[PDB]
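*Asks:* structure-v3.pdb is the file, holding PDB, C-alpha atoms and all ligand atoms:
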```
MODEL        1
ATOM      1  CA  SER A   7       0.000   0.000   0.000
ATOM      2  CA  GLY A   8       1.024   3.651  -0.379
ATOM      3  CA  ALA A   9       0.286   6.912  -2.179
ATOM      4  CA  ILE A  10       1.893  10.162  -3.340
ATOM      5  CA  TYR A  11       0.234  13.362  -2.027
ATOM      6  CA  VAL A  12       1.056  16.427  -4.177
ATOM      7  CA  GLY A  13      -1.012  19.643  -4.315
ATOM      8  CA  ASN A  14      -4.692  18.600  -4.269
ATOM      9  CA  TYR A  15      -3.959  15.143  -5.780
ATOM     10  CA  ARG A  16      -3.451  11.611  -4.407
ATOM     11  CA  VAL A  17      -1.620   9.188  -6.732
ATOM     12  CA  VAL A  18      -2.160   5.467  -6.111
ATOM     13  CA  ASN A  19      -1.790   2.093  -7.894
ATOM     14  CA  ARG A  20      -4.982   1.783  -9.981
ATOM     15  CA  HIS A  21      -5.477  -1.841  -8.758
ATOM     16  CA  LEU A  22      -5.488  -0.614  -5.101
ATOM     17  CA  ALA A  23      -7.730   2.496  -5.561
ATOM     18  CA  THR A  24     -10.577   2.751  -3.012
ATOM     19  CA  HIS A  25     -14.323   3.564  -3.571
ATOM     20  CA  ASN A  26     -13.366   7.155  -2.490
ATOM     21  CA  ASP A  27     -10.551   7.444  -5.087
ATOM     22  CA  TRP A  28     -13.018   6.460  -7.892
ATOM     23  CA  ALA A  29     -15.689   8.890  -6.555
ATOM     24  CA  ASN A  30     -13.091  11.713  -6.702
ATOM     25  CA  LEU A  31     -11.462  10.577 -10.006
ATOM     26  CA  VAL A  32      -9.152  12.960 -11.901
ATOM     27  CA  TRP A  33      -7.412  10.488 -14.275
ATOM     28  CA  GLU A  34      -6.660   6.799 -14.559
ATOM     29  CA  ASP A  35      -4.682   4.593 -16.948
ATOM     30  CA  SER A  36      -4.995   0.802 -16.717
ATOM     31  CA  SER A  37      -1.976   0.372 -19.033
ATOM     32  CA  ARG A  38       0.208   2.292 -16.479
ATOM     33  CA  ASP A  39      -1.503   0.870 -13.293
ATOM     34  CA  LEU A  40      -2.041   4.514 -12.127
ATOM     35  CA  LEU A  41      -5.026   6.422 -10.719
ATOM     36  CA  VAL A  42      -5.117  10.021  -9.457
ATOM     37  CA  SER A  43      -7.946  11.395  -7.270
ATOM     38  CA  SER A  44      -8.667  14.820  -5.768
ATOM     39  CA  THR A  45      -8.093  15.782  -2.137
ATOM     40  CA  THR A  46      -9.328  18.688   0.009
ATOM     41  CA  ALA A  47      -6.049  19.058   1.998
ATOM     42  CA  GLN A  48      -2.730  20.144   0.467
ATOM     43  CA  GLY A  49      -0.251  17.241  -0.037
ATOM     44  CA  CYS A  50       3.184  16.633   1.526
ATOM     45  CA  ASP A  51       5.302  15.404  -1.545
ATOM     46  CA  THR A  52       7.471  17.065  -4.476
ATOM     47  CA  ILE A  53       7.711  15.371  -7.935
ATOM     48  CA  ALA A  54      11.113  14.892  -9.651
ATOM     49  CA  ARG A  55      11.371  16.386 -13.172
ATOM     50  CA  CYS A  56      14.596  14.624 -14.287
ATOM     51  CA  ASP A  57      16.168  11.605 -16.045
ATOM     52  CA  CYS A  58      17.708   9.934 -12.939
ATOM     53  CA  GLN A  59      18.229   6.170 -13.174
ATOM     54  CA  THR A  60      19.329   5.719  -9.495
ATOM     55  CA  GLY A  61      17.278   6.315  -6.374
ATOM     56  CA  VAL A  62      15.982   4.831  -3.131
ATOM     57  CA  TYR A  63      12.635   2.983  -2.657
ATOM     58  CA  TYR A  64      10.605   1.990   0.404
ATOM     59  CA  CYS A  65      10.081  -1.801   0.729
ATOM     60  CA  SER A  66       7.190  -2.465   3.203
ATOM     61  CA  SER A  67       7.879  -6.244   3.318
ATOM     62  CA  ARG A  68      11.281  -5.461   4.929
ATOM     63  CA  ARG A  69      10.323  -2.106   6.692
ATOM     64  CA  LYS A  70      13.460  -0.747   4.974
ATOM     65  CA  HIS A  71      14.640   1.577   2.201
ATOM     66  CA  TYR A  72      16.966   0.168  -0.502
ATOM     67  CA  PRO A  73      19.124   1.837  -3.158
ATOM     68  CA  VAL A  74      18.390   0.855  -6.760
ATOM     69  CA  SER A  75      19.536   1.349 -10.425
ATOM     70  CA  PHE A  76      16.436   1.302 -12.660
ATOM     71  CA  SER A  77      15.744   1.158 -16.462
ATOM     72  CA  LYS A  78      14.141   4.112 -18.359
ATOM     73  CA  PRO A  79      10.306   4.071 -18.559
ATOM     74  CA  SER A  80       9.267   1.444 -21.098
ATOM     75  CA  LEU A  81       6.610  -1.067 -22.321
ATOM     76  CA  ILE A  82       7.116  -4.334 -20.375
ATOM     77  CA  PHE A  83       5.108  -7.548 -20.488
ATOM     78  CA  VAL A  84       3.352  -8.274 -17.155
ATOM     79  CA  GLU A  85       1.880 -11.706 -16.389
ATOM     80  CA  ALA A  86      -1.857 -12.107 -15.633
ATOM     81  CA  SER A  87      -2.799 -11.428 -11.995
ATOM     82  CA  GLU A  88      -6.104 -11.254 -10.051
ATOM     83  CA  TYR A  89      -6.232  -7.540 -11.047
ATOM     84  CA  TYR A  90      -5.327  -7.578 -14.765
ATOM     85  CA  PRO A  91      -5.231  -9.892 -17.776
ATOM     86  CA  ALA A  92      -1.738 -10.580 -19.282
ATOM     87  CA  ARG A  93      -0.658  -7.324 -21.048
ATOM     88  CA  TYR A  94       2.057  -4.716 -21.741
ATOM     89  CA  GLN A  95       2.357  -2.131 -18.940
ATOM     90  CA  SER A  96       3.730   1.208 -20.164
ATOM     91  CA  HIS A  97       5.949   3.815 -18.355
ATOM     92  CA  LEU A  98       7.334   0.951 -16.172
ATOM     93  CA  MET A  99      10.955   0.943 -14.863
ATOM     94  CA  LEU A 100      12.649  -2.270 -13.653
ATOM     95  CA  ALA A 101      15.340  -2.726 -11.006
ATOM     96  CA  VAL A 102      17.002  -5.561  -9.084
ATOM     97  CA  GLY A 103      15.525  -5.429  -5.586
ATOM     98  CA  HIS A 104      13.254  -7.284  -3.194
ATOM     99  CA  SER A 105       9.511  -6.940  -3.598
ATOM    100  CA  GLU A 106       6.280  -8.830  -2.678
ATOM    101  CA  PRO A 107       2.703  -8.093  -3.940
ATOM    102  CA  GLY A 108       1.795  -5.940  -0.858
ATOM    103  CA  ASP A 109       4.822  -3.705  -1.613
ATOM    104  CA  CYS A 110       2.853  -1.824  -4.318
ATOM    105  CA  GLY A 111       2.610   1.870  -3.468
ATOM    106  CA  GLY A 112       6.091   2.181  -1.919
ATOM    107  CA  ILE A 113       7.718   5.435  -3.120
ATOM    108  CA  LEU A 114      10.894   5.584  -5.272
ATOM    109  CA  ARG A 115      12.796   8.899  -4.803
ATOM    110  CA  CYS A 116      15.940  10.434  -6.268
ATOM    111  CA  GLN A 117      17.798  13.623  -5.130
ATOM    112  CA  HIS A 118      15.111  15.667  -7.065
ATOM    113  CA  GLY A 119      11.945  14.260  -5.441
ATOM    114  CA  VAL A 120       9.338  11.522  -6.065
ATOM    115  CA  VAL A 121      10.075   9.414  -9.187
ATOM    116  CA  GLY A 122       7.282   6.813  -8.995
ATOM    117  CA  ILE A 123       5.682   3.991  -7.008
ATOM    118  CA  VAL A 124       6.168   0.210  -6.782
ATOM    119  CA  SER A 125       3.779  -1.461  -9.272
ATOM    120  CA  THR A 126       5.245  -4.921 -10.215
ATOM    121  CA  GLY A 127       7.858  -7.452  -9.025
ATOM    122  CA  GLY A 128       9.111 -10.993  -8.821
ATOM    123  CA  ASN A 129      12.165 -13.207  -8.180
ATOM    124  CA  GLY A 130      14.513 -10.430  -7.025
ATOM    125  CA  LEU A 131      13.010  -7.755  -9.313
ATOM    126  CA  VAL A 132      10.968  -4.638  -8.600
ATOM    127  CA  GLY A 133       9.032  -2.485 -11.106
ATOM    128  CA  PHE A 134       8.069   1.158 -10.584
ATOM    129  CA  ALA A 135       5.286   3.084 -12.316
ATOM    130  CA  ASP A 136       6.920   6.405 -13.405
ATOM    131  CA  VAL A 137       5.147   9.695 -12.580
ATOM    132  CA  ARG A 138       7.790  12.266 -13.810
ATOM    133  CA  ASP A 139       5.998  12.881 -17.118
ATOM    134  CA  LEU A 140       2.720  13.913 -15.385
ATOM    135  CA  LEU A 141       3.514  17.657 -15.450
ATOM    136  CA  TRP A 142      -0.073  18.642 -14.472
ATOM    137  CA  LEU A 143       0.469  17.139 -10.956
ATOM    138  CA  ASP A 144       2.283  20.439 -10.059
ATOM    139  CA  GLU A 145      -0.566  22.736 -11.146
TER
HETATM  140  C1  LIG A 201       5.115  -5.883  -6.288
HETATM  141  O1  LIG A 201       4.419  -6.897  -7.019
HETATM  142  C2  LIG A 201       4.898  -8.183  -6.967
HETATM  143  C3  LIG A 201       6.075  -8.569  -6.334
HETATM  144  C4  LIG A 201       6.456  -9.905  -6.329
HETATM  145  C5  LIG A 201       5.690 -10.860  -6.973
HETATM  146  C6  LIG A 201       4.529 -10.473  -7.608
HETATM  147 CL1  LIG A 201       3.622 -11.686  -8.456
HETATM  148  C7  LIG A 201       4.096  -9.148  -7.603
HETATM  149  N1  LIG A 201       2.832  -8.784  -8.150
HETATM  150  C8  LIG A 201       2.755  -8.147  -9.343
HETATM  151  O2  LIG A 201       3.751  -7.875  -9.993
HETATM  152  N2  LIG A 201       1.494  -7.840  -9.782
HETATM  153  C9  LIG A 201       0.248  -8.050  -9.022
HETATM  154  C10 LIG A 201      -0.482  -6.733  -8.766
HETATM  155  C11 LIG A 201      -0.655  -5.946 -10.068
HETATM  156  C12 LIG A 201       0.689  -5.740 -10.782
HETATM  157  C13 LIG A 201       0.515  -5.008 -12.105
HETATM  158  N3  LIG A 201       0.961  -3.764 -12.139
HETATM  159  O3  LIG A 201      -0.008  -5.562 -13.077
HETATM  160  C14 LIG A 201       1.333  -7.108 -11.042
HETATM  161 ZN    ZN A 202      16.390  12.755 -10.346
ENDMDL
END
```
Take the structure in the file and give it back as structure tokens.

*Replies:*
Amino acid sequence: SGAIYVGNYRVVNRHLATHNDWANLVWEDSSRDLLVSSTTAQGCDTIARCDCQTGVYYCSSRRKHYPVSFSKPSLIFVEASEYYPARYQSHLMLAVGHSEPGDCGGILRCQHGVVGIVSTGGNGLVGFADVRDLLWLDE
């Protein structure tokens, strides 16, 4: 679980969005596993606007932060789950790191701010849904 809070927006994994997120929907993209909803209170986070390929992510299944080197946002095949049929997920970045299904939502940050959130994983891999291209989050 986990979310980014920036301005009057809450960014979450689309497969974990609540009834309240859908009732306050701003934008969603199943192919990116992202959903953004509106909030009344001002958020706490800053979004990176960069091309960093190193950062630190929060891993809830270890209660620990880990450093990672991650690939540029790309179209990656993701196996069928209870949430989605087998498909290509876009704007996804892969890294070597520990992750478990309940780790989705953990924030990946670089020196410039929030880069994205955990969205996929398996066998010593972790995938992050990028948010750096969503320029409208800052306005
Ligand atoms: C952090 O996720 C994992 C880590 C280790 C093992 C596994 Cl099987 C996962 N589960 C996943 O990758 N997904 C299940 C939930 C939805 C995901 C998606 N974006 O399509 C895919
Ligand atoms: Zn950066």

*Asks:* Quick one: residues within 9 Å of residue 40 of chain A, only C-alpha atoms counted, chain neighbours fewer than 3 positions away excluded, as a PDB file with C-alpha atoms, in the frame of the given file?

*Replies:*
```pdb
ATOM      1  CA  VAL A  17      -1.620   9.188  -6.732  1.00  0.00           C
ATOM      2  CA  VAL A  18      -2.160   5.467  -6.111  1.00  0.00           C
ATOM      3  CA  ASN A  19      -1.790   2.093  -7.894  1.00  0.00           C
ATOM      4  CA  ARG A  20      -4.982   1.783  -9.981  1.00  0.00           C
ATOM      5  CA  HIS A  21      -5.477  -1.841  -8.758  1.00  0.00           C
ATOM      6  CA  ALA A  23      -7.730   2.496  -5.561  1.00  0.00           C
ATOM      7  CA  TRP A  33      -7.412  10.488 -14.275  1.00  0.00           C
ATOM      8  CA  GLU A  34      -6.660   6.799 -14.559  1.00  0.00           C
ATOM      9  CA  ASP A  35      -4.682   4.593 -16.948  1.00  0.00           C
ATOM     10  CA  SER A  36      -4.995   0.802 -16.717  1.00  0.00           C
ATOM     11  CA  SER A  37      -1.976   0.372 -19.033  1.00  0.00           C
ATOM     12  CA  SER A 125       3.779  -1.461  -9.272  1.00  0.00           C
ATOM     13  CA  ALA A 135       5.286   3.084 -12.316  1.00  0.00           C
ATOM     14  CA  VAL A 137       5.147   9.695 -12.580  1.00  0.00           C
TER      15      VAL A 137
END
```

*Asks:* Using the chain letters and numbers from the file, which residues does the PyMOL selection byres (((chain A and resi 118) around 12) and not hetatm) grab, as a count of residues only?

*Replies:* 21

*Asks:* Near residue 108 of chain A, counting only C-alpha atoms, which residues have an atom at most 9 Å away, once you skip same-chain residues fewer than 4 positions from it, shown as a list in words?

*Replies:*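 Near neighbours after the sequence-gap exclusion: residues 7, 66 and 67 of chain A.
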
*Asks:* Kindly export the residues of the current selection with C-alpha atoms, as a CSV table (one decimal), in the frame of the given file.

*Replies:*
```csv
chain,number,residue,atom,x,y,z
A,7,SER,CA,0.0,0.0,0.0
A,66,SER,CA,7.2,-2.5,3.2
A,67,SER,CA,7.9,-6.2,3.3
```

*Asks:* To test your reading of the syntax: which residues would the PyMOL selection byres (((not hetatm)) within 8 of (chain A and resi 201)) return for the file shown? Reply as a ChimeraX atom specification.

*Replies:* /A:19,21,38-39,84-90,95,104-110,124-129,131-133

*Asks:* Selection in question (the file shown): the PyMOL selection byres (((chain A and resi 49) around 6) and not hetatm). Which residues does it include, as a PyMOL selection string?

*Replies:* chain A and resi 11-13+48+50

*Asks:* Can you pull out the residues contacting residue 79 of chain A? Cut-off 9 Å, using all atoms listed in the file, and skip same-chain residues under 4 positions away; I want them as a list in words.

*Replies:*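 So the residues in contact are residues 96, 97, 98, 99, 100, 134, 135 and 136 of chain A.
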
*Asks:* Closest to ligand ZN 202 (chain A) among A:70, A:78, A:16, A:25, using only C-alpha atoms and all ligand atoms?

*Replies:* A:78

*Asks:* I'd like to know which of A:93, A:22, A:83, A:76 is closest to ligand ZN 202 (chain A), using all atoms listed in the file.

*Replies:*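 Looking only at the distances to ligand ZN 202 (chain A), the closest residue turns out to be A:76.
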